[PDB]
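Enquirer: As they sit in the full assembly, here are the leading chains:
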Amino acid sequence: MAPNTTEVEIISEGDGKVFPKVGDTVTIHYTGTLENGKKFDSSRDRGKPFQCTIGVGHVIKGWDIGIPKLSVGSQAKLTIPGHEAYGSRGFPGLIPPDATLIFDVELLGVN
């Protein structure tokens, strides 16, 4: 029983003032795991926040949905169902078909 759509749970509150909007560059730290807790990717392990354009389909749909809910400084958990992640394709070797993904994300900057 995956979610119907991406769930956002803010763990630690950010500044409450600066939120991403469509087309912004976000600088974020993330760790992504499967429902069984197996990690498949983490910017924290690379020692370097990830940077991407939000809201324009340059990241998985669940990120486009959830990351704009965060203010800068927020830490949140995103629970993303398969159809807003990698779907039936998954990612061979790492992510099974139709996998719900769990992302622990920290928003460090908006441009």
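Expert: In hand now; what should we look at? Residues are numbered from 1 along each chain as shown, chains lettered A, B, ... in the order given.

Enquirer: In what element of secondary structure is residue A:2 found?
Expert: Applying DSSP states H and E as the criterion places residue A:2 outside every helix and strand.

Enquirer: just checking, it touches residue A:100?
Expert: Yes - counting by Cβ atoms under 8 Å, residue A:100 is a contact partner of residue A:2 at 4.4 Å. For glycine as for every other residue, the C-beta is placed from the backbone atoms N, C-alpha and C.

Enquirer: between the two, what contacts are shared?
Expert: A:81, A:82 (Cβ atoms under 8 Å, 6 or more residues apart in numbering).

Enquirer: And the nearest residue to residue A:95 once chain neighbours are set aside, how far from residue A:98?
Expert: Closest residue to residue A:95 apart from its sequence neighbours, by Cβ to Cβ, 6 or more residues apart in numbering: residue A:86 at 5.4 Å. From residue A:86 over to residue A:98 the distance is 9 Å, taken as Cβ to Cβ, to the nearest Å.

Enquirer: So between those two, which is more surrounded?
Expert: residue A:86 (19 against 15; other Cβ atoms under 10 Å).

Enquirer: Over to the more buried one. Which of the three states is it?
Expert: Recorded secondary structure, residue A:86: coil (DSSP: H, G, I helix; E, B strand; the rest coil).

Enquirer: list the contacts for the spatially most central residue of chain A?
Expert: In chain A, the centroid-proximal residue (Cα atoms, centre = their mean) is residue A:63; its distance is 4.4 Å. Neighbouring residues of residue A:63 by Cβ under 8 Å, 6+ apart: A:52, A:54, A:78, A:80, A:103.

Enquirer: okay, chain B goes in next:
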Amino acid sequence: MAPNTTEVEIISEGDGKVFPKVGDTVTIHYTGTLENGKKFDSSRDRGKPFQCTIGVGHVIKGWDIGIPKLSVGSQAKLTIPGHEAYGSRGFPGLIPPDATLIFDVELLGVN
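Expert: Below, chain B sits with the chains from the block before:
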């Protein structure tokens, strides 16, 4: 200058008799690299052929295009442009946006 669409180059010929069709299960070995030769995934490293349904969007588009050209026993190189692979999303940590992917594939079985 990526290809306009997926290129297939058969390196070693298969049996010339058994080809995948839409909806079949293919059992394949693959190694996938970026244009710079950096490997990002390989079933050969897992010691176990990959199995998937072909022609129904359960794998990247370039595989749906190219794998049905192979007969069982064939070894081929697929050169897949970004828009038939992971597109501008890529796969964070492994595959950059708009990346052309190179797959060395061996078709071991069709069901």
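
Enquirer: once more on the contacts of residue A:63, this time with chain B?
Expert: When contacts are counted by Cβ atoms under 8 Å, 6 or more residues apart in numbering or on different chains, residue A:63 touches A:52, A:54, A:78, A:80, A:103.

Enquirer: Ok, residue A:79 next?
Expert: A:3, A:6, A:7, A:9, A:100, A:101, A:102.

Enquirer: Give me the buried entries from those residues.
Expert: For these, a burial check counting by 16 or more other Cβ atoms under 10 Å in any protein chain shown picks out A:6, A:7, A:100, A:101, A:102.

Enquirer: if you look at these, which of them are in helices?
Expert: Counting by DSSP state H, no part of those is found in helices.

Enquirer: Dump those into a markdown table; add distance to chain B as well.
Expert: Output for the buried ones among the contacts of residue A:79, formatted as a markdown table (distance: Cβ to the nearest Cβ, whole Å):
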| residue | distance to chain B |
| --- | --- |
| A:6 | 16 |
| A:7 | 20 |
| A:100 | 17 |
| A:101 | 12 |
| A:102 | 15 |
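
Enquirer: can you redo the residues you listed as TSV with distance to residue B:18?
Expert: Listed next are these as TSV, based on distance: Cβ to Cβ, whole Å:
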residue	distance to residue B:18
A:6	42
A:7	45
A:100	36
A:101	36
A:102	41
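
Enquirer: from those, which single one is nearest residue B:30?
Expert: Set against residue B:30, the nearest of these by Cβ to Cβ is residue A:101 (23.3 Å).

Enquirer: about what we covered before: can you tell me the SS state at the residue nearest to the centre of chain A?
Expert: Classified using three-state DSSP, residue A:63 is helix.

Enquirer: Counting neighbours, what do you get for residue A:74?
Expert: Applying other Cβ atoms under 10 Å in any protein chain shown, we find 23 other residues in the vicinity of residue A:74.

Enquirer: That'll do, ta.
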